[PDB]
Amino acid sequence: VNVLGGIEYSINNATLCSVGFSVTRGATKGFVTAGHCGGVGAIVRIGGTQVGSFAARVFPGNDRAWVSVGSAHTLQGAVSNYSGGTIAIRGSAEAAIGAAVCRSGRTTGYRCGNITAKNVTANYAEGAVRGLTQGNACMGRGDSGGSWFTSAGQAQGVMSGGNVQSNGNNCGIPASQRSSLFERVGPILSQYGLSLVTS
């Protein structure tokens, strides 16, 4: 099957998250996602079809993981726009506060906003996560792990958390009232020796 940013994957046939970005490591295929999405060795399906398992993760403290993917599957260096098309990923140049950014994930789809803060600590129940970047694109439960990227194709990070309301998302309040937090992609690629797939 095809591995594409923002699409749904299941963990141990029990929970759902969203693909961050296709990557390679040596001759191994994979994708980056959030560390809170599963433990090491947990089995990942895309389409109800098994593609691999969590190879490594850090959560809390950080919130990062990568999933290794079998050689028979096809990595696309792109992110789904949730309207039948894709946005090409071209690199991982980090954007500054005030820059436009979008995200993609299986609960709220493709949503856009701006970068609003850096170096934010989230106090999650399982522990604090430091160094997160904040934007004001909306998101909801299930978007976790999904792509954050600029329109020009620069990968920014993977969805970590934020100020979800009673409905499970923060799309029911204006952007000015949102905190949507992502883990920067650069340190994930560096820690695990991963190369971003581009197109």
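The numbering used is simple: start at 1 and walk along the sequence shown.
Trainee: Look up the CA B-factors in the entry and say which stretch, 21 to 29 or 176 to 184, has the higher mean.
Mentor: Looking at the record's C-alpha B-factors, the answer is 21 to 29.
Trainee: Test of understanding: from the entry's C-alpha B-factors, which stretch has the higher mean, 130 to 138 or 158 to 166?
Mentor: Higher mean C-alpha B-factor in the PDB entry: 158 to 166.
Trainee: Out of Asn123, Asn114, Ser80, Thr108, which residue has the highest Cα temperature factor in the PDB record?
Mentor: Within the set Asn123, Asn114, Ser80, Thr108, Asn123 shows the top C-alpha B-factor.
Trainee: Sorting the chain's CA B-factors, does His73 end up in the lowest, middle or highest third?
Mentor: CA B-factor rank for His73: highest third.
Trainee: Against its chain's modelled residues, does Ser92's Cα B factor rank lowest, middle or highest third?
Mentor: It belongs to the middle third of the chain when residues are ordered by C-alpha B-factor.
Trainee: Lowest, middle or highest third: which one holds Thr150 when the chain's residues are ordered by CA B-factor from the entry?
Mentor: Its C-alpha B-factor, which the entry lists for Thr150, ranks in the middle third among residues of this chain.
Trainee: Ranking every modelled residue in this chain by its Cα temperature factor as given in the entry, which third contains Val67?
Mentor: According to the entry, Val67 has a C-alpha B-factor in the chain's lowest third.
Trainee: By its CA B factor, does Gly35 count among the lowest, middle or highest third of the modelled residues in the chain?
Mentor: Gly35: CA B-factor falls in the lowest third of its chain.
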